Amino acid sequence: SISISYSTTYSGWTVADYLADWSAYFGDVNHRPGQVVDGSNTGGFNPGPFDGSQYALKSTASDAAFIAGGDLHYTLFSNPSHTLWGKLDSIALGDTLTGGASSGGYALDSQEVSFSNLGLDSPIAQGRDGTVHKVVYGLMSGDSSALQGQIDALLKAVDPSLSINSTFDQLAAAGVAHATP
């Protein structure tokens, strides 16, 4: 079952509300052909170099950042090119990305919301159209709609009445979410 972890600030907020606001704050790191010319909009794997239990990225617009958790791979020059695939079990949305592979992992200084047991596994075969690639590149490029659709499917799987338009305190009442600072 999907497990959701949220800050007391966003008690009254719906999941869609928060995800839109967060996407707006993060914006778009412009990770596209010709537009990746240093390390500022690449993000990082832990441990890396091209696979890890974490892929992390901080906004080049703001202090907003996310960490993707599971067993993630990036193919680069192996068909299909520029594919991010493997197991995604969690996403953490927060400010002030700290650490990295040198530090033994990434952590959010100020985590706002987290979704865990996503149970997404996208094979290399599916290239860019695997759910894992759509979700992560969505958060990279300022569109949280893939993540939203997945969270909505999980929420409806646990209970039909639950929705992306349920508040965090409503989902907490329904046993799904647990409140944090």
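The chain is numbered in sequence order, starting from 1. For the numbers below, each heavy atom of this structure counts, side chains included, while hydrogens, waters and symmetry mates do not.
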Enquirer: Does the pair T8 and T180 meet the rule for a side-chain contact (heavy atoms from CB on, under 4.5 Å), with working shown?
Expert: CA-CA 6 Å; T8 60; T180 74; over 6 Å; no
Enquirer: Do any N or O atoms from the side chain of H31 and from the backbone of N41 form a donor-acceptor pair under 3.5 angstrom?
Expert: yes
Enquirer: Checking one residue: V36. Which other hydrophobic residues are in its cluster under the side-chain 4.5 Å linking rule?
Expert: none
Enquirer: State, to 0.1 Å, how close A101 and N46 come at their nearest heavy-atom pair, and which atoms those are.
Expert: CA-OD1, 3.8 Å
Enquirer: I need the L118 CG to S90 OG distance, nearest 0.5 Å.
Expert: 7.0 Å
Enquirer: By side-chain hydrogen bond (donor to acceptor under 3.5 Å, both in side chains), which residues pair with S23, not counting sequence neighbours?
Expert: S144
Enquirer: Please list all pairs passing the ring pair (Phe, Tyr, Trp, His ring centres under 6.0 Å) test where one or both residues lie in residues 143-181, with sequence neighbours left out.
Expert: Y6-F168
Enquirer: Distance from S114 atom OG to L93 atom CG, nearest 0.5 Å?
Expert: 8.5 Å
Enquirer: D28: which residues meet the salt bridge (charged side-chain N to carboxylate O under 4.0 Å, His left out) condition with it, sequence neighbours left out?
Expert: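 Salt bridge (charged side-chain N to carboxylate O under 4.0 Å, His left out) check on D28 returns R32.
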Enquirer: Is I67 isolated, or which residues cluster with it under the ILVMFWY side-chain rule of less than 4.5 Å, directly or via members?
Expert: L97, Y106, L108
Enquirer: Only one of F50, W85, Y55, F45 passes ring-ring contact (aromatic ring centres under 6.0 Å, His included) with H73; say which it is.
Expert: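 Exactly one option meets the ring-ring contact (aromatic ring centres under 6.0 Å, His included) with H73, and it is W85.
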Enquirer: Nearest heavy-atom pair of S59 and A61: which atoms, and what distance?
Expert: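 For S59 versus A61, the nearest heavy atoms are OG-N, 2.8 Å.
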Enquirer: If you measure from NZ on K58 to OG on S40, what distance do you get to the nearest 0.5 Å?
Expert: 9.5 Å
Enquirer: Run the ring pair (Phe, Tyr, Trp, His ring centres under 6.0 Å) test against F26 and tell me which residues pass, sequence neighbours left out.
Expert: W22, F66
Enquirer: In chain order, what residues pass the side-chain hydrogen bond (donor to acceptor under 3.5 Å, both in side chains) check against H82, with sequence neighbours excluded?
Expert: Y74
Enquirer: Please find the pair of heavy atoms, one from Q111 and one from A92, that lie closest to each other, and give the distance.
Expert: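 Heavy atoms only, the tightest pair is CG-CB, 4.5 Å.
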Enquirer: So how far is it from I91 CD1 to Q150 CD, rounded to the nearest 0.5 Å?
Expert: 9.5 Å
Enquirer: Side-chain contact, heavy-atom cut-off 4.5 Å: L139 with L57?
Expert: no
Enquirer: With heavy-atom distances below 4.5 Å as the criterion, would you say the side chains of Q170 and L162 are in contact?
Expert: no
Enquirer: When you measure from the side chain of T83 to the backbone N and O of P80, does any donor-acceptor pair fall under 3.5 Å?
Expert: yes
Enquirer: What closest approach, in Å, do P47 and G52 show between heavy atoms, and which atom pair accounts for it?
Expert: CD-CA, 3.6 Å
Enquirer: Among residues at least two apart in sequence or on other chains, which ones pass side-chain contact (heavy atoms from CB on, under 4.5 Å) with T96?
Expert: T98, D109
Enquirer: Applying ring pair (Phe, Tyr, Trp, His ring centres under 6.0 Å), can you list everything that pairs with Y10, at least two apart in sequence or on another chain?
Expert: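 Listed in chain order: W13, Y18.
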Enquirer: Please table the atom pairs, donor to acceptor, closer than 3.5 Å between any side-chain atom in residues 152-159 and protein atoms at least two apart or in another chain.
Expert:
unit_1	atom_1	unit_2	atom_2	d
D152	OD1	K156	NZ	3.3
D152	OD1	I164	N	3.0
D152	OD2	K156	NZ	3.3
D159	OD2	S161	OG	3.1

Enquirer: Looking only at the side chains, is there a donor atom on one of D169 and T167 sitting less than 3.5 Å from an acceptor on the other?
Expert: no
Enquirer: Other members of the hydrophobic cluster containing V37, with the 4.5 Å side-chain heavy-atom rule, please.
Expert: none
Enquirer: Could you check whether any side-chain heavy atom of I151 comes within less than 4.5 Å of a side-chain heavy atom of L19, counting everything from C-beta outward?
Expert: yes
Enquirer: Can you find a pair of side-chain heavy atoms, one from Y25 and one from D95, that are under 4.5 Å apart?
Expert: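 Not touching, per the 4.5 Å side-chain cut-off.
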Enquirer: Could you give the side-chain donor-acceptor pairs of residues 120-134 under 3.5 Å, partners two or more places apart or in another chain?
Expert:
unit_1	atom_1	unit_2	atom_2	d
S122	OG	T131	N	3.2
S122	OG	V132	N	3.1
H133	ND1	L84	N	3.0

Enquirer: How many angstroms lie between atom CG of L147 and atom OG of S145, to the nearest 0.5 angstrom?
Expert: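 Rounded to the nearest 0.5 Å, the CG-OG separation comes out at 9.0 Å.
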Enquirer: Once you round to the nearest 0.5 Å, how far does OG of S163 lie from CG of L171?
Expert: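 These two atoms lie 9.0 Å from each other.
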